[PDB]
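A, B, ... follow the sequence lines: proteins, then strands. Residue 1 opens every chain.
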Amino acid sequence: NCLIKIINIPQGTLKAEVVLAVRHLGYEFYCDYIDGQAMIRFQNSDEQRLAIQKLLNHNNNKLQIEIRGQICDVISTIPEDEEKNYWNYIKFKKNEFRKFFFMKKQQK
RNA sequence: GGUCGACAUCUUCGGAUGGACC
RNA sequence: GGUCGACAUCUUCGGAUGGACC
Ligand SMILES: [K+]
């Protein structure tokens with residue numbers, strides 16, 4: 001619904017280079033960039049659908065995006081286990097963000 | 001009138017902070 | 001009370017913009 005995954009991102013590529021390429025789609029998203037791959041969560045599922053049709057290359061019928069002059073394939077169908085692990089990853093990060101301020105109050 | 005390539009608004013990355021907004 | 005890893009403050013090198021401040 002809200003997720004796509006960019007793979008085969010060239011080595012040494014900074015996160016900003018990845019984020020910039022996705023910004024060209026004109027939709028708001030969060031980005032996690034690990035191990036030459038990047039997960040992308042759009043704000044709503046509808047804009048993800050519209051993002052897919054922009055990445056879709058009708059010549060080879062596959063989703064692609066250019067990064068540093070190279071062609072990177074994107075996945076629209078995430079394996080169930082990978083997505084499940086991913087939402088838990090977020091939940092921890094979000095709760096970690098809120099735990100920070102809570103503990104700061106305790107320091108008083 | 002004086003000051004300003006050393007002034008402001010917005011803003012990418014990076015760094016340092018804690019609470020921020022409604 | 002609600003929303004914030006998608007909230008903000010400060011800051012180095014930059015970008016855009018025009019006036020900014022006394
Ligand atoms: K993400």
#### Entry: Sugar geometry class by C1'-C2'-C3'-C4' for C/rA8
north

### Message
Can you measure A/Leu3 atom CG to C/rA6 atom P for me and round it to whole angstrom units?
### Response
17 Å

## Note on the structure
When rounded to whole Å, the CD to P distance for the pair A/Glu28 and C/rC4 reads 13 Å

### Query
Is the closest side-chain heavy-atom distance between A/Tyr27 and A/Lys54 below 4.5 Å?
yes

### Query
Considering only the P atoms, how many Å lie between B/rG1 and C/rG18, rounded to the nearest integer?
23 Å

### Query
For C/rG18, what is the paired nucleotide under Watson-Crick or G-U wobble rules, both distances under 3.5 Å?
B/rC7

### Message
Taking the side chain as everything from C-beta on, heavy atoms only, tell me whether A/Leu3 gets closer than 4.5 Å to A/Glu83.
### Response
yes

### Euclidean distance, atom CD1 of residue A/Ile34 to atom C1' of C/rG5 [Å, nearest integer]
12 Å

### Query
Do A/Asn85 and A/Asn88 get their side chains close enough for a donor-acceptor pair, meaning under 3.5 Å?
no

### Summary
In 5'-to-3' order, the base (B), backbone-only (S) or no-contact (-) status of each nucleotide in nucleotides 13-22 of chain B, using a 4.0 angstrom heavy-atom cut-off, is S----BB---

### Query
So which nucleotide does C/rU12 pair with, by the Watson-Crick or G-U wobble rule with both distances under 3.5 Å?
none

#### Entry: Distance, P atom - from B/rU12 to C/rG19, rounded to whole angstrom
24 Å

### Query
Between B/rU9 and B/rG14, how far is it from one P atom to the other, in whole Å?
23 Å

### Query
Hey, are the side chains of A/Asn57 and A/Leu63 touching, using non-hydrogen atoms and a 4.5 Å cut-off?
no

### Task
Would you indicate whether the side-chain heavy atoms of A/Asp73 and A/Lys62 approach each other to under 4.5 Å?
yes

### Query
Quick check: are there more than 12 heavy atoms from other residues, nucleotides or ligands sitting under 6.0 Å from CG of A/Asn1?
no

### Query
When the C1' atoms of B/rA16 and C/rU3 are considered, how many whole Å apart are they?
26 Å

### Query
Are the six-ring centres of C/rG5 and C/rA6 nearer than 5.5 Å, with the two ring planes set at an angle smaller than 30°?
no

### Query
According to the definition of ring centres under 5.5 angstrom and planes under 30 degrees, are B/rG14 and B/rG15 stacked?
yes

### Message
Considering every strand and a 4.0 Å limit on heavy-atom distances, what is the contact class for A/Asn95: base, sugar-phosphate, or nothing?
### Response
nothing

### Message
I want to check something: taking the side chain as every heavy atom from C-beta on, are A/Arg41 and A/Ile90 in contact at a cut-off of under 4.5 Å?
### Response
yes

#### Entry: Interatomic distance, A/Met39 CE vs C/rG5 P [rounded to whole Å]
18 Å

### Task
Determine the Euclidean distance between corresponding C1' atoms of B/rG2 and C/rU17; express it in Å to zero decimal places.
25 Å

### Task
For B/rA8 and C/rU11, measure between their P atoms and round to the nearest Å.
10 Å

### Query
A/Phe92 near the nucleic acid: base, sugar-phosphate alone, or nothing, with a heavy-atom cut-off under 4.0 Å?
nothing

### Task
Look at A/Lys84 together with A/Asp81 and state whether they make a salt bridge at an N to O cut-off of under 4.0 Å.
no

### Task
Specify the separation, in whole Å, of atom CZ of A/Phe42 and atom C1' of C/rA6.
14 Å

### Summary
With syn meaning chi within 90° of zero and anything else anti, the base of C/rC13 is anti

### North or south sugar at B/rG18 (positive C1'-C2'-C3'-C4' torsion counts as north)
south

### Query
Under 4.0 Å between a side-chain N/O of A/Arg41 and OP1 or OP2 of C/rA6, yes or no?
no

### Message
I need the CD1-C1' distance between A/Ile40 and C/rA6, as an integer number of Å.
### Response
15 Å

